[PDB]
Every structure is written in C-alpha cells, then in structure tokens.
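As a starting point, one isolated chain is supplied in structure tokens, in the form deposited in one PDB entry.
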C-alpha cells in the first residue's frame, strides 16, 4: 500500500520473463536532490520507498503507439517482486539519464535485458560453481509528477536495489578485463557457450558477485539497447578472454569459435 507521507508518484513496471509479460504497478518514492555517483550517461540517486500499489488510478488509454504493447502487459498484477523488495522504508537506487539519446523503448529494453541476465545467473548457479552469482532486479519507473520535457515525453528512469560495499566493474562491453577475478569472466564465457553463441553477457559489475547493469551482445546486433555491439562486441571479448579454473570446472571449451553469420 502507498503511504500518505510526502513523496512523488510513479508508474512502476516489472518484467517477468517466465510469463513473458510486464506487470504494471504504482509506487511513491522520495529521491535525494543530488546524485551520489555517475557513469557515462546516467546518474545514480539514493531513494527511499513510500510503498507500492496498484495502477488502478492511472489508466493506460488506447493501444495505438502504447509501449509496451497491450499484448505484452499482464492483466493481473497481484504477484510481483516489487511489493516485497520495494516495500515502505526500503532504501534503493534510481538512475536518470543526464543532460538523452534515450527513447521510451530503451528504458524497457535495458530493464528486460537485466531480467534476462538474471535468468542466466540462475542457470549458471545450477551448475554448482564455486561462487554463485546473482543479478539484482531492475524496474522502469515513469516519474509522472515531474513535468514533461521540452517535448511532451514523461520523465522516465530505472530503479534497482541498493548495493552495499565496494562496487567494481570486472569487464566492459568492448573487451576490457578490469579485475583479476575468475567468476565474472567464466560467467561471460558460460553465457556464450551455453547459448550456442546466440548471445553473451558482459559489463559484469557490482559488489562481490551481486551484479547489476549488464550488457548483452548478439550476432545480429538487434535489440538489447545501444550497448549491443553485435559480432564486434563478441569478438572483442574473445580476443581478451583467457580461460581460468572456473571455465575448466564448468567444462567450457578453451576454443570459443566463430560468430554466427547474422
């Protein structure tokens, strides 16, 4: 339930890969004035939840140029991760694009991308590796109380749980290997091999195998946001990848093998 305390309203979107649908909710939140960190394109803000509710007050309207399209939206939203993970009082992180080559579609793609990587994390863990991994939930929020931009586009953001500890990036989306840890690189290799080269998960970053904001490359280069560099991204990973003990333990081929022709 949404608290009566002072904060701003949002439409909250959760993607559920197993039913292949978005779940639409509302929430109230209070976000700090200044960001605590920044990346290339976005800034991160500390936020507290003032509760999660239904989307009943905020009708979608007609389905012509609705994103996501109505057929991708669950009619029912009684069950979801948000109602426990974003319950009243929860401290979490909000990310906003600075200064904006970001369509509406991009916010949803990026969050769906994180949910897909979250599935890959569970698949990896089922092999009983020495260190289990996990990707945080992420959500799209339409900050509906904020006045639209120069164009009548609502203000959009993504939100995710707060990581406590030293945040480290382990690889980039274009071949950088940034720490000496084995598990992040083995996981990237695992995703390439076990997907039959349909995709790779890189930008493996977070605190101690609790990861967030990954990026996927696919051979055809379609979908998965603007950070999908296609075969180029896959090949760049291969040039710098050196199999380690976790790769061996997972019985991964030391020969990675070529990209798919489109």
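Here the rigid core means the biggest group of C-alpha atoms that line up within 1.5 Å when the two forms are laid on top of each other. Positions refer to the first chain, counted from 1.
For residue 100, the record comparison shows coordinates absent in at least a third of the other entries of this protein that model its neighbours. Of the other entries compared for this protein that flank it with modelled residues, all give atoms for residue 54, so not even a third lack it. Unmodelled residues of the deposited sequence between residue 99 and residue 100: 1 to 3. Between 108-116 and 153-161, it is 153-161 that carries the larger average Cα temperature factor according to the deposited entry. Judged by mean Cα B factor in the deposited record, 165-173 ranks above the other of 184-192 and 165-173. Taking the PDB entry at face value, the top CA B factor among 216, 232, 44, 41 belongs to 41.
Of the candidates 138, 79, 103, 90, it is 103 whose Cα B-factor is highest according to the PDB record. Placement of the Cα temperature factor of residue 200 within the chain: lowest third of the modelled residues, per the deposited record. Ranked by C-alpha B-factor against the other modelled residues of its chain, residue 241 falls in the middle third. In the PDB entry, residue 146 places in the middle third of its chain by CA B-factor. In the PDB entry, residue 62 places in the highest third of its chain by CA B-factor. Among all modelled residues in its chain, residue 250 ranks in the highest third by Cα B-factor.
The following text describes the form deposited in another entry, which does not appear among the structures shown.
Taking 2 Å as the criterion, residue 37 counts as shifted between the shown form and the other one: its C-alpha moves by at least this amount when the rigid core is aligned.
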